[PDB]
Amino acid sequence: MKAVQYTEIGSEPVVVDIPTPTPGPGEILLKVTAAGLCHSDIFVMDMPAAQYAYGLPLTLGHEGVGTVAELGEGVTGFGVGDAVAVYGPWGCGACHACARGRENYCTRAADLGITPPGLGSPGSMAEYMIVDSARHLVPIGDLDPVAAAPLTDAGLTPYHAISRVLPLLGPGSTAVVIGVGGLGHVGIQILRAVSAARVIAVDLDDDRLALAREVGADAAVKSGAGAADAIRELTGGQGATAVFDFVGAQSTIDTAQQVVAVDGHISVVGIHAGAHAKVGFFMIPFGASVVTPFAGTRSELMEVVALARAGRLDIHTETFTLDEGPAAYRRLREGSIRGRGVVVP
């Protein structure tokens, strides 16, 4: 089968021909219908040799949808041909966190050598992929695979970050979304569907502010030095109830601390090495909590899929072949994909 792999340290990924795998007991083989491109795949390829420990070769792609091709021994609950999304952050399945479906916060996965697809285990950028367990598949019915692949991380991650503080986002609340890309443009639409919060979007690029307005933001403001004062002019001086930072650079976190309300929330979702919120007295308002969330829970992926099936999420994508995989990663590095890149085998 054709696959896109990271083969040596520092080099760009290449297209290869490798064996189609076979499912052992409890496993499921999927024929891949769509694989998302995210910055997690870039992060893995930008590690120095001394820090890298995901193995070589590594099939990329941690966002994946497909159809069930073959069932391993003892697997029931799915038939051949069933369309399914892959739950990405694989946990042990047995700890207190995993027992509530919160495998994203599994306290044992590191020690057991359980790694997610595309980040240690083979990913979705191939004609076929193995899924370790039935509990990591979610049915998608007749949802278009191209629009569904982004739901497994571009949808799941913002959905989770929002869900952690949903009781704060009542009528009269304000939510700020910083960064209107793959994650951010889906986050705006989740906020509108599951809350009555007023939504203010922030980005560097005028074209991304246009995208923000297209997907339902109430206002959109230019990022940088003027952003904090512009956000406060919109909120009448009270501050934003919640800030969802999908950039996570030091300057965007600083903006978040300058606009968050007393008893509010900052969610640092975007990943920039070294950047951090400074949570201490006189540096942040009283009662304003801060967290770096990771991925999402099993039930949250099901809820994101239910939003898509009800017509509440317009996912903006650009489609690539497997041969175009390397080129699509270059496009992702330069920030020229409007929404989520998706590879179709």
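A residue's number is simply how far along the shown sequence it sits, counting from 1.
Got a sec? Mean C-alpha B-factor, which is higher, 224-232 or 267-275?
-> Averaging CA B-factors over each stretch, the winner is 224-232.
Residue range whose averaged C-alpha B-factor is higher in the record, 213-221 or 186-194 = It is 213-221.
Among the candidates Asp207, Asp245, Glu103, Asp203, give the one with the maximum CA B-factor reported in the record.
-> Reading the PDB entry, the winner on C-alpha B-factor is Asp207.
In this PDB entry, which of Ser133, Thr76, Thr157, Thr255 has the top CA B-factor?
-> Within the set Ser133, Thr76, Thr157, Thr255, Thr76 shows the top C-alpha B-factor.
C-alpha B factor of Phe294, ranked within the chain: lowest, middle or highest third?
-> For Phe294, whose C-alpha B-factor we compare with every modelled residue in the chain, the answer is the lowest third.
Ordered by C-alpha B-factor within the chain, which third holds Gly36? Give me lowest, middle or highest, please.
-> Middle third, going by the recorded CA B-factors of the chain.
Should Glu63 be placed in the lowest, middle or highest third of its chain by the C-alpha B factor in the entry?
-> It belongs to the middle third of the chain when residues are ordered by C-alpha B-factor.
Relative to the other modelled residues of the same chain, rank the CA B-factor of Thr115 and answer lowest, middle or highest third.
-> According to the entry, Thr115 has a C-alpha B-factor in the chain's highest third.
Report the third (lowest, middle or highest) to which the CA temperature factor of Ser163 belongs, ranking only the modelled residues of the same chain.
-> It belongs to the lowest third of the chain when residues are ordered by C-alpha B-factor.
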